[PDB]
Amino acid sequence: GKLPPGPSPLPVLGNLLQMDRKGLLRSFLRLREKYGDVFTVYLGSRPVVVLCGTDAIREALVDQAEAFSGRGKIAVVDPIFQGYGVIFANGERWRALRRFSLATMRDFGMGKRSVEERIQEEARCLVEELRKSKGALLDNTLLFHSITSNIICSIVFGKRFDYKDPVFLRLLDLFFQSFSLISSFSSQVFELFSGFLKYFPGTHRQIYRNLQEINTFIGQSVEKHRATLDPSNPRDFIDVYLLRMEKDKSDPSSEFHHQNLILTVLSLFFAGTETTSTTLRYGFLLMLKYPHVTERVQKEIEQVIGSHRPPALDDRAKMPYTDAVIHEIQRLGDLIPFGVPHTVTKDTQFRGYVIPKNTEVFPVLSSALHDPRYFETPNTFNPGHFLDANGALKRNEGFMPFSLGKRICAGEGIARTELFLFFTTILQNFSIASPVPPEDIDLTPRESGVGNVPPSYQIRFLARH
């Protein structure tokens, strides 16, 4: 047997001395150098096996997919999920929820209109809101979170909120804080010493409280559904879950009960709102930095879509340049740097090692997004990475923003459609500008952790003629 190489741990402190003040990612990337693509670091008591670069990650996640299909924990939010919900679930509970969760998001939303149709309609709402600002300088963070939320909201509660609704803004508010603290330095620390730190104060409490307030809201909404519920006509994700919960009333092994509903719906909000939203937010910071790319995108929007009909999803196969820019926004923006923790579902033999069942594995998505074996000049923005000589989109093995394998993002289809429809629909109707000149713009994340949080910035949206 034997675990993969690593620094010798110090019990109760692990490799805390072999870490890097920057954060967990720099700690992983630095150790990588000494010990290779696969290694074993200790986050307090916890032995974790880190994976690096397209090849390693792919061999594990794809090659031994079931073996690596387990879910670890995130110290700062486990107190909330405790293994419930379509993300943090495991074994048979997980397979049951994911299967349900895929099919269900696919066909139910407010209006029995398609996922694409809702995103199109949100985009239409977004455009109109932006006209109201008459091209004045704003911070798009709030709006950008608003439009992502409303997609999940339409899907899960079967209704969108008006951008200015106080229920909603309050919700977005709680949301807005938690997601950024999840990636704060403290929460990275809390990752190694939750045993200790779980006791004194810290941000894990405001994270914990805030998330609980959201859960309270999902609580209320469930009850309102539960009562108005009509079996003939499920309205959305929540009704579909109830109707299943009833089909299962006599099944003691069914995983479709209250906790999985709450924590699932929470997960579809946490995942759906936050990553897509900061991706868009980061994409537009790049468009301020590369007005030339922005302009080429707007021109393709012109040749293919035109200035009158709203962008539709299948316009994308006709628009490889724009498609490439979105790939290149995801790749560089690298919103989830060390993936979400996995575990092996069994003793596993891997690259001549043995990894014991249930050991947390960290597939470091970033080291594949910036893997030189697959991307020339990995730290610079170039839509070129995804274009061939003819300007056709060009698949690249190293690009796995949603991770790979059996746990690959359950929302990747929705997220990709959001990116494409929001990007094209804003640029169709608007030009962007910043006070800051391009050369001055600094893409350095304000916070780096389980997620990447891009810096805030001023931007104006100028209505097009």
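All residue numbers refer to positions in the sequence shown, first residue = 1.
K.L.:
Higher average CA B factor in the deposited record is what I'm after, so tell me if that's 40-48 or 431-439.
P.N.:
Of 431-439 and 40-48, the stretch with the higher C-alpha B-factor average is 40-48.
K.L.:
For the stretches 340-348 and 385-393, which has the higher mean C-alpha B-factor as given in the deposited record?
P.N.:
Taking the mean C-alpha B-factor of 340-348 and of 385-393, the larger value falls to 340-348.
K.L.:
Pick out which of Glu328, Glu121, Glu295, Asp173 has the highest C-alpha B-factor in the PDB entry.
P.N.:
Of the candidates given, the C-alpha B-factor peaks at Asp173.
K.L.:
Can you pull the Cα B-factors for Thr380, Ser149, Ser186, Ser267 from the entry and say which is highest?
P.N.:
Comparing C-alpha B-factors across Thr380, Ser149, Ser186, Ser267, the top value belongs to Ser186.
K.L.:
In terms of the CA temperature factor given in the entry, to which third of its chain does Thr273 belong: lowest, middle or highest?
P.N.:
CA B-factor rank for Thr273: middle third.
K.L.:
Considering every modelled residue of the chain and its Cα B-factor in the PDB entry, is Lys406 in the lowest, middle or highest third?
P.N.:
Its C-alpha B-factor, which the entry lists for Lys406, ranks in the middle third among residues of this chain.
K.L.:
Going by the CA temperature factor in the PDB record, which third of the chain does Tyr35 belong to: lowest, middle or highest?
P.N.:
As the PDB entry reports it, the C-alpha B-factor of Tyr35 lands in the highest third of its chain.
K.L.:
Mind checking which third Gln64 falls in for C-alpha B-factor across the chain?
P.N.:
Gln64: CA B-factor falls in the highest third of its chain.
K.L.:
When the deposited Cα B-factors of this chain's modelled residues are ordered and cut into thirds, is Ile238 in the lowest, the middle or the highest one?
P.N.:
Middle third.
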